[PDB]
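In: Need coordinates for the following:
(chains A, B, C, D and E, ligands or ions: 8)
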Amino acid sequence: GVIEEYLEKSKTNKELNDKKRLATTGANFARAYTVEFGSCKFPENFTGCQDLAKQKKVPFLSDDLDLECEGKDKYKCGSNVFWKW
Amino acid sequence: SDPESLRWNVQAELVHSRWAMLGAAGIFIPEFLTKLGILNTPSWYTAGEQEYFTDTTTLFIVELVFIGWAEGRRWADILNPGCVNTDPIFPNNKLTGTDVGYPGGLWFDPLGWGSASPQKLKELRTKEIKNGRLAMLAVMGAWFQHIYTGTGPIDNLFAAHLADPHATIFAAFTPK
Amino acid sequence: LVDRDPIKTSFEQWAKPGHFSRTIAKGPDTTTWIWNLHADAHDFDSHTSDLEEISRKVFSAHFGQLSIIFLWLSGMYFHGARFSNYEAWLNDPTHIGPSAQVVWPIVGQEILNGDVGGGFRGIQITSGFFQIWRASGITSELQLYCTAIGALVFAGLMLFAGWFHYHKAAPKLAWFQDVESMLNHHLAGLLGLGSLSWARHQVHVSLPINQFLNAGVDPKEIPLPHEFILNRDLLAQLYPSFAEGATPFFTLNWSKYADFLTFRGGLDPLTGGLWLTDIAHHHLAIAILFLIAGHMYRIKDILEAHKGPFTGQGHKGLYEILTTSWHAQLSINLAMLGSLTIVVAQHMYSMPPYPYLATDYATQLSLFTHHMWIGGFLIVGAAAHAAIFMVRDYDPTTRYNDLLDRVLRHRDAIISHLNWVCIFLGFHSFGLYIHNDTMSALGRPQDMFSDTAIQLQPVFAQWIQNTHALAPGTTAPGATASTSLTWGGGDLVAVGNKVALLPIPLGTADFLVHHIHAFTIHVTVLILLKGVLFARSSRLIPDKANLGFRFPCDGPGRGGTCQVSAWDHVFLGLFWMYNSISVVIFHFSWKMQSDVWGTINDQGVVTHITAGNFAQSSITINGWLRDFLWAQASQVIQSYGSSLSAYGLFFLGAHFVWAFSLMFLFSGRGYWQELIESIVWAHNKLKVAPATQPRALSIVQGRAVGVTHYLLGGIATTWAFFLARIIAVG
Amino acid sequence: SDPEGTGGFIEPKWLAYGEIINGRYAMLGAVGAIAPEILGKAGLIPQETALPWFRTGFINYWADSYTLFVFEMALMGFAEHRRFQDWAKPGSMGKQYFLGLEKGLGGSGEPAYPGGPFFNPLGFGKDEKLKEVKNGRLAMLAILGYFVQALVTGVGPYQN
Amino acid sequence: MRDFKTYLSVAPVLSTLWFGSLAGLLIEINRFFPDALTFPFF
Ligand code: CLA
Ligand SMILES: CC(=CC=C/C(C)=C/C=C/C=C(C)/C=C/C=C(C)/C=C/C1=C(C)CCCC1(C)C)/C=C/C1=C(C)CCCC1(C)C
Ligand SMILES: CC(=CC=C/C(C)=C/C=C/C=C(C)/C=C/C=C(C)/C=C/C1=C(C)CCCC1(C)C)/C=C/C1=C(C)CCCC1(C)C
Ligand SMILES: CC(=CC=C/C(C)=C/C=C/C=C(C)\C=C\C=C(C)\C=C\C1=C(C)CCCC1(C)C)/C=C/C1=C(C)CCCC1(C)C
Ligand SMILES: CCCCCCCCCCCCO[C@H]1O[C@H](CO)[C@@H](O[C@H]2O[C@H](CO)[C@@H](O)[C@H](O)[C@H]2O)[C@H](O)[C@H]1O
Ligand SMILES: CCCCCCCCCCCCO[C@H]1O[C@H](CO)[C@@H](O[C@H]2O[C@H](CO)[C@@H](O)[C@H](O)[C@H]2O)[C@H](O)[C@H]1O
Ligand SMILES: CC1=C(C/C=C(\C)CCC[C@H](C)CCC[C@@H](C)CCCC(C)C)C(=O)c2ccccc2C1=O
Ligand SMILES: OC[C@H]1O[C@](CO)(O[C@H]2O[C@H](CO)[C@@H](O)[C@H](O)[C@H]2O)[C@@H](O)[C@@H]1O
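Out: Numbering: from 1, shown residues only, chains lettered A, B, ... in the order given. Ligands and ions are numbered 1, 2, ... in the order given. Here you go, the structure:
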């Protein structure tokens, strides 16, 4: 090679760079830097309203983890009254 | 049931070692030394920026006229006089052997106590870090690998490519 | 030996002249023992007088074959991968003309590398990967690049099982010297659990991933790397997820189906490689058997049983020593393994099992002659090693008065017949042709043996071919066509690039080749039969098991007393078989192209590589170089400056190497001695020779360097002659 | 000298007895049930390119991700073969510290169980009223084994 | 470790690391000069 000024005037720089908000990643799921969402509380279908829905709700989904466990329902089989149709 | 398996020079491999390795000294501390931001900068204008190049392959010649000279003198009188024929003392010679070198010729010898004994004590020092240097440099010669492979963008050769996150090379540390 | 035996040295034997019989390689110098050492390197009359080990070596130095077949295949999967053409060829078959190998343009090289398909320079193929490879319920170049290292995996490991024998302190006797179960296992679950396992990865994945290939796409516009799990939803197109059946049995209803299989027979219009909708069913229907079958049993019992009057009292006892032989239970095997390879060579060409074969002419006849030389090179062997039995293997004579002691009883007898068999053939089996010449060159056709002069009349037909293509109306269920499209009855429409198979007609010029084969197959066998039979004793020499099964020749006396032995019966029996196979090949392609291979266009006016020239004109045995050798081969001797060229450019060497064999075959021995000294003299004057007493070839080595050359000569000659008349028109 | 590896009817079984013992608490999922609320599933290849299992589990995961997965199982496997060498024995492990007489303080000894010894002698009132401690936890291991693929799917529990 | 008046041994075919190679370096002169049939000199 051969140098004239100055390996640099202004040194190495913005090539790693992150600084004020070193953000991307830690952040993005800056939906959820705080997966904060809803109510508190409580009644029902939360998951707003964006998100949605509740799709089939109670213990389900939510699980997620809805919460909680309820004198239900209680999933197990038979019912839902397989309401289809 | 265990190899058979070798040596004998088992005695000599060990002295290009102290060659290879001590040696890597030269690269190990001067690099990192370098001198981060000395103040700074690396600029070499002097014999070098205007006299039509300086070296490369007059480089080597001068460069290892010396290494020339000295690397030879190195193993080929390390020691070994007697220096010819003709029945076995093994190393593949010691055809120096029972005679060191001379029957009452000159001062072949260093040092009193009819031998060459650089005295008894000093296992210390160089058993340790030094056949270290052998070991050490295995892994910061395994850094040579890490330190640069990946041919900083400026070239993908035989395009697999084959996936893609982000870059790599050297300066110290790591993302992690 | 003697050296340190003991107990008292791990210190290995590197250094101190010799080893291998006992006034051994002697201190005193010589050369013969350097062909010794390699020859007979494997053998057993030395190593130790005691079984034990040997089976402990052969189960190891076996191993390193699998491992090898395994380093091999890898460089072929790798090769059939990144040296690509497979990706390119598959979206684009009927079109391509495949490669895997390519030079590097050093020196002359490059001419060898000549545009092969999906747009690149290379050297072609007649080794039908790219066609097992149809398989790939997946496709992808780097993928084969896993199948590939998957190969090197099995290897290193299925090669450290060979460390993990002999060198490791070994099993022993019982382990094999209890045989009691062996085939129980083998045939049941591998024979079975492969064909079985192969089923599962032969409709799961492959069938579907060429069920909708036989149309278009460009791969990954199809068959993902996982896609074929639980998802039994694409398995929806290619039959039910059993819908309401549960684990076959019957309380099943079909108002409209019958699982995959729905048996075919014939040939895909668009990929005539025979149907796959079958290929599962047949492998399934195998394994079962093996699955049931490998469940005998424990031995004697069954052979210790059925005897008779003239039959085999010794049948009963047919060898304790069939747990104590090898050389015996190898030779038996070779006859089968070997004879069970060239049965491939038919069911292949008259029933292709891979997509794109037939159309692919040259990429399945190579096959049908490679497979063809093993179903022969392994059979003369299958005799040699019996000779190796018949002479020695057992300790003493404990084996007695049986099926054998029987056969031998007659022996100037079983071979007394067989002989006349051959001269009856030969006279009915070759001079037959020579009639033609002598009388067609005399010229009076009235009276030849033509497919038309001697009484036979425009039909062959009424035999059994015509009750094969027509049998789907017996106990036969059916399924459009036959079993093998080459049979008499019905159907035509086979393929839309070139052709494939159709009837294949007969009579004479099919009648008599078919007979030369007889006489050729027969006199081959005469010489091996009488060879192995008269192994140890005779009324030319009875003192004749006294060294080994080789030995040069007993000695100038008795008249001749030279060839005898049975290394040598397995030396002049190779000599024939090289014909046996070398003329059967000559048969197939001259047929398969004179008729069959040829080609469709409008009104499918068929146009064979040759308008049946065969007709009236193989019957003449000149026609066999008028129509063959001088006709085709014109592609070998035109082949310079091309791409294949390496064939024409072999076809001179190897058509040289053969014509170097005769020198090894045809000559004395104290000759090249008498010569080797004149040499040795001139040597000494400058002071340049004696040390390692230079010596001529070991009478029978000499024969070893006949034969072996005569074949690797006389053979690759056609290996060239061939690939050069199917690449390029045909 | 060269390292050792004695085969003999049934090492393969002592270390094969052991392999499953470790896998009986590497059974994990129901031994420590708080371990997976949903962690038994690894969660391969579900890129922000694409997808998981397939219809899955879908109402795999948030995650505890990453790389530095080989370095662990290797580096702490670079310990499994040390409590396998060190205590070949000649003891000096407690290198203590050059000076300082005040280091009576011990800790345990060689431990198997409630520690140095068993300890605090004095016991029994209430708690009250060699391979079975092995046997039953492959009867916990191989059980999740089929429970990964534990489905009939097209149909389901015939039983029921 | 090897001084004066012959040395250590070697195998049966180290000729197969002498046909292959040495000789092999020679294609290596038969592409540097990718051609012959007379030759310039030095
Ligand atoms: C299952 C099969 C197989 C096995 C395991 C064996 C095993 C054995 N055979 Mg055998 N054999 C077989 C099939 C087999 N054979 C077949 C098919 C034949 C018919 C040809 C024979 C004919 C035969 C004879 C006549 C003899 C044996 C002998 C032996 C024993 C000697 C082995 C030895 O030193 O290697 C021998 C191999 C060499 C020395 C290597 C030379 C190979 C040359 C000829 C190269 C071949 C050409 C090829 C194109 C060259 C490579 C390419 C080149 C151009 C670059 C050994 C127990 C010998 C014995 O005395 O019994 C104890 C006896 O010589 N066999
Ligand atoms: C282990 C296994 C398996 C398998 C499977 C298998 C085990 C399979 C196999 C198969 C085999 C095969 C399939 C074969 C093949 C062969 C080949 C392919 C060859 C060919 C050839 C010829 C023809 C001749 C010579 C040459 C060659 C080589 C080319 C499994 C096992 C098991 C167990 C216990 C557990 C559970 C599960 C199971 C599963 C039950
Ligand atoms: C796709 C990716 C990734 C990654 C990352 C990665 C990912 C990296 C890697 C690395 C690698 C390494 C470090 C190594 C590896 C290796 C492997 C993976 C292998 C595997 C295997 C198999 C598969 C089988 C056989 C065995 C083996 C091992 C071969 C990405 C994605 C994304 C998206 C969505 C968008 C944009 C952003 C991001 C976020 C970017
Ligand atoms: C003259 C020559 C050669 C020739 C040659 C010839 C003139 C011929 C040859 C031939 C060879 C061969 C021939 C081998 C081989 C092979 C192969 C590889 C085969 C294969 C195969 C198989 C696989 C089986 C059967 C069939 C076939 C054959 C195809 C040379 C000469 C020389 C001189 C001057 C001096 C120095 C040395 C040299 C350089 C050497
Ligand atoms: C074993 C340790 C936890 C429970 C053991 C002791 C009894 C359990 C406490 C019951 C509390 C009152 O009744 C309770 O009984 C069971 C045990 O908690 C719960 O079982 C719970 O466990 C599941 C874990 O995913 C959750 O989906 C539900 O909340 C529920 O299934 C009942 O759904 C709950 O309603
Ligand atoms: C080669 C020596 C002749 C001796 C054998 C001849 C006997 C049978 C007659 C011809 C045999 C070849 O069979 C061939 O017949 C026709 C050529 O006329 C072709 O006829 C084909 O082309 C047309 C396109 O729809 C239609 O007439 C037919 O539907 C179709 O089958 C066929 O591609 C093939 O079935
Ligand atoms: C020609 C012929 C010879 C003479 C053939 C000989 C002497 C061939 C052996 C020549 C050897 C192979 C040359 C080996 C020399 C080289 C290996 C040494 C140099 C090493 C290389 C680097 C060149 C016989 O000895 C013979 C014996 C019995 C029946 C027929 C014949 C027969 O026909
Ligand atoms: O302190 C550990 C850390 O992990 C905890 C335990 O503290 O538990 C889960 O979370 C981590 C991630 O930190 C998981 O990898 C771990 O294996 C889980 O059990 C969590 O509470 C802490 O963050």
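In: Stretch C:715-730 near ligand 4 anywhere?
Out: Yes: against ligand 4, stretch C:715-730 shows contacts by Cβ under 6 Å from any ligand atom at C:715, C:716, C:719. Yep, even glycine has a C-beta here, placed from its N, CA and C like the rest.
In: any idea which of the residues you listed is closest to chain B?
Out: Top of the list for closeness to chain B, among those and by Cβ to the nearest Cβ, is residue C:719 at 34.5 Å.
In: Residue of chain C nearest ligand 3, please.
Out: Of chain C, the residue with the smallest distance to ligand 3, taken as Cβ to the nearest ligand atom, is residue C:146 at 7.5 Å.
In: Actually, chain B.
Out: residue B:165 (4.8 Å).
In: Ok, chain E next?
Out: For chain E and ligand 3, the shortest gap (Cβ to the nearest ligand atom) falls at residue E:20, measuring 32.9 Å.
In: distance of that residue from residue E:26?
Out: 11 Å (Cβ to Cβ, to the nearest Å).
In: Give me the contact list for the longest helix seen in chain B.
Out: Ranked by number of residues, the top helix in chain B under DSSP state H is helix B:124-148. By Cβ atoms under 8 Å, 6 or more residues apart in numbering or on different chains, the surrounding residues in contact with helix B:124-148 are B:14, B:17, B:18, B:20, B:21, B:22, B:23, B:24, B:25, B:28, B:169, B:170.
In: Nearest to the spatial middle of chain C, which residue is it?
Out: residue C:374 (2.5 Å; Cα atoms, centre = their mean).
In: anything in the lengthiest helix in chain C near ligand 6?
Out: Using DSSP H to define each element, chain C has its longest helix at helix C:572-594. No: contact between helix C:572-594 and ligand 6 is absent, the nearest approach being 11.9 Å (criterion: Cβ under 6 Å from any ligand atom).
In: what about that helix, distance to the chain center?
Out: 13 Å (Cα atoms, centre = their mean, to the nearest Å).
In: after it, next one along is what?
Out: As assigned by DSSP states H and E, the chain's next helix or strand after helix C:572-594 is helix C:623.
In: which one of the contacts of helix B:124-148 is nearest residue C:90?
Out: Within the contacts of helix B:124-148, proximity to residue C:90 (Cβ to Cβ) peaks at residue B:169, which comes in at 40.5 Å.
In: Can you tell me the closest non-neighbouring residue to the closest one?
Out: Distance criterion Cβ to Cβ, 6 or more residues apart in numbering or on different chains; nearest residue to residue B:169, sequence neighbours excluded, is residue B:152 at 5.5 Å.
In: And for the one you found, the neighbour number?
Out: Residue B:152: 11 surrounding residues under other Cβ atoms under 10 Å in any protein chain shown.
In: Would you mind stating the distance between it and residue B:163?
Out: Distance, residue B:152 to residue B:163, by Cβ to Cβ: 18 Å.
In: Can you name the residue of chain A nearest ligand 3?
Out: Going by Cβ to the nearest ligand atom, ligand 3 is nearest to residue A:25 of chain A, at 8.9 Å.
In: Spell out the secondary structure type for that residue.
Out: Judged by DSSP: H, G, I helix; E, B strand; the rest coil, the three-state class of residue A:25 is coil.
In: Over to the one 3 residues further on?
Out: Using three-state DSSP as the criterion, the local structure at residue A:28 reads coil.
In: Also residue D:134?
Out: With three-state DSSP as the criterion, residue D:134 reads helix.
In: Mind telling me what element the closest residue to it other than its chain neighbours is part of?
Out: Closest residue to residue D:134 apart from its sequence neighbours, by Cβ to Cβ, 6+ apart: residue D:21 at 5.8 Å. For residue D:21, the element it lies in under DSSP H and E is helix D:14-23.
In: can you list contacts of that helix?
Out: For helix D:14-23, the external contacting residues (Cβ under 8 Å, 6+ apart) are D:131, D:134, D:137, D:138, D:141.
In: Recalculate using a threshold of 10 Å.
Out: Applying Cβ atoms under 10 Å, 6 or more residues apart in numbering or on different chains, the contact partners of helix D:14-23 are D:8, D:10-13, D:26-27, D:80, D:130-131, D:133-135, D:137-138, D:140-142.
In: Residues touching stretch C:152-159, excluding its own?
Out: With contact meaning Cβ under 10 Å, 6+ apart, stretch C:152-159 is reached by C:63-75, C:77-78, C:146, C:149, C:164.
In: Now do the contacts for residue C:201.
Out: C:135, C:137, C:228.
In: helix, strand or coil for it?
Out: Criterion first, three-state DSSP; result for residue C:201: coil.
In: one step back: compute the number of surrounding residues for the residue of chain C closest to ligand 3.
Out: Neighbours around residue C:146, by other Cβ under 10 Å: 15.
In: State which one residue of chain E is found closest to chain C.
Out: Among all residues of chain E, residue E:27 sits closest to chain C, at 5.7 Å; criterion: Cβ to the nearest Cβ.
In: same check, this time on chain D
Out: Ranked by Cβ to the nearest Cβ, the top residue of chain D for proximity to chain C is residue D:154, at 5.4 Å.
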